[PDB]
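Colleague: The following block contains the structure, expressed as structure tokens.
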Amino acid sequence: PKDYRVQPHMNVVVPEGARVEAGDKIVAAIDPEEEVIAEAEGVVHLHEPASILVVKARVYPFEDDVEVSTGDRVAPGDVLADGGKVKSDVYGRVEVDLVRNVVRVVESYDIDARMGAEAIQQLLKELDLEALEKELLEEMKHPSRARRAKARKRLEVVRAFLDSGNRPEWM
Amino acid sequence: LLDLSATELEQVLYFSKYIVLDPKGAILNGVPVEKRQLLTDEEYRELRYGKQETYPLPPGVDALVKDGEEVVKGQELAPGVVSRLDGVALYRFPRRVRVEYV
């Protein structure tokens, strides 16, 4: 195992645990000439990176077929690559990496999100006075003393807003 | 009416920039999406980039992880860096290539 000190001003197009025999350049420096050639046979490793960074993505390798492009929220199961053997497990942006031969996807979503009072107001409008009345009409009786006191004072409020002609959004 | 904590959760997002979790969501942070729970903006911002941090390394300080490799929140990525989030690990640039060559 000859280490060979690769200076940073030299590029390296080699994945970790790759396969190289005495004819395939490893550290292919930006600069030609003197650039290291394949030294004998065997695998290849990488030591002391300048930055070890983590990512909220998940790793999905592939050998062929790239149908999912870059930047699309792929639902947990939507086929990414390999024809139909590679699927996603979470939504979010897909960054295809032809260099390492692996398509990943960062965990993200189009979550609706607000702040302040405009945040609450919409959640008030969205509140269906009706369904809650039934839900609590059961949550009052069937549960014990724990949830009873809850639905107790709770149901009365909405009940009030109903027999009043004023939607809670006016609050 | 709007099933939130009678005081705390209210004041938390009423004046502050604390994102409410009204409609939508499925992605988590360890537990299924919150239907009405209103994670503070800290917990909000740490959902998109919630694993996307560069941890620089001093020269001559190898690693404890070989490229693409699942890390734990607080798992020592390197002999001088302790990561602050889970997910997978990645490399940057190569300064050493130690491996069997006949």
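Nothing in this text is a laboratory measurement; each read-out follows from the coordinates by a stated rule. Every residue, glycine as well, gets a Cβ built from its backbone with ideal geometry; the counts of neighbours run over all protein chains shown.
Colleague: May I ask you to list the residues in segment A:7-49 that are in contact with a strand residue (DSSP E or B) (Cβ under 7 Å, 6 or more places away or on another chain) and part of a loop (DSSP other than H, G, I, E, B)?
Modeller: Hits for segment A:7-49 are A:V14, A:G17, A:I26, A:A38, A:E48.
Colleague: Sticking with this one: Does at least one position in segment B:57-78 carry a residue that is in contact (Cβ under 8 Å) with a residue 24 or more places away in the chain, more than 8 Å from every other protein chain (Cβ to nearest Cβ), out of contact with any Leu (no Cβ under 6 Å at 6 or more places or on another chain) and within 29 Å of A:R104 (Cβ to Cβ)?
Modeller: Looking for residues that are in contact (Cβ under 8 Å) with a residue 24 or more places away in the chain, more than 8 Å from every other protein chain (Cβ to nearest Cβ), out of contact with any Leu (no Cβ under 6 Å at 6 or more places or on another chain) and within 29 Å of A:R104 (Cβ to Cβ), one finds none in segment B:57-78, hence no.
Colleague: Next question, about the same structure. Name every residue in segment A:97-116 that is at the interface with chain B (Cβ under 7 Å from one of its Cβ atoms) and closer than 25 Å to B:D3 by Cα, in order of residue number.
Modeller: A:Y109, A:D110, A:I111, A:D112, A:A113, A:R114, A:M115
Colleague: Could you list, in sequence order, all residues of segment A:78-94 that are in a loop (DSSP other than H, G, I, E, B) and in contact (Cβ under 8 Å) with a residue 12 or more places away in the chain?
Modeller: Hits for segment A:78-94 are A:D82, A:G83, A:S88, A:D89, A:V90, A:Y91, A:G92, A:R93.
Colleague: Separate question: Let me confirm something: among B:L85, B:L1, which residue is of a type in the set (A, V, I, L, M, F, W, C) and in contact with a strand residue (DSSP E or B) (Cβ under 9 Å, 6 or more places away or on another chain)?
Modeller: Every option except B:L85 fails the conditions.
Colleague: Something else: Of the residues that make up segment A:127-137, is at least one surrounded by 12 or more Cβ atoms within 10 Å (Cβ to Cβ), touching a residue at least 40 places away in the same chain (Cβ under 8 Å) and either within 12 Å of chain B (Cβ to nearest Cβ) or of a type outside the set (K, R) (or both)?
Modeller: Yes, some residue in segment A:127-137 is surrounded by 12 or more Cβ atoms within 10 Å (Cβ to Cβ), touching a residue at least 40 places away in the same chain (Cβ under 8 Å) and either within 12 Å of chain B (Cβ to nearest Cβ) or of a type outside the set (K, R) (or both).
Colleague: Six or more apart or on different chains, Cβ under 7 Å: which pairs go from a residue in segment B:6-23 that's within 11 Å of chain A (Cβ to nearest Cβ) and charged (D, E, K, R) to one that's surrounded by fewer than 17 Cβ atoms within 10 Å (Cβ to Cβ) and part of a helix (DSSP H, G or I)? Could you list them?
Modeller: Qualifying pairs under 7 Å: B:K17/B:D41; B:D22/A:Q122.
Colleague: Criterion first (acidic (D, E) and more than 9 Å from chain A (Cβ to nearest Cβ)) does B:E34 satisfy it?
Modeller: Judged against the criteria, B:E34 is a match.
Colleague: On the basis of being surrounded by fewer than 18 Cβ atoms within 10 Å (Cβ to Cβ), touching a residue at least 60 places away in the same chain (Cβ under 8 Å) and in a loop (DSSP other than H, G, I, E, B), does A:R73 make the cut?
Modeller: For A:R73, the condition - surrounded by fewer than 18 Cβ atoms within 10 Å (Cβ to Cβ), touching a residue at least 60 places away in the same chain (Cβ under 8 Å) and in a loop (DSSP other than H, G, I, E, B) - is not met.
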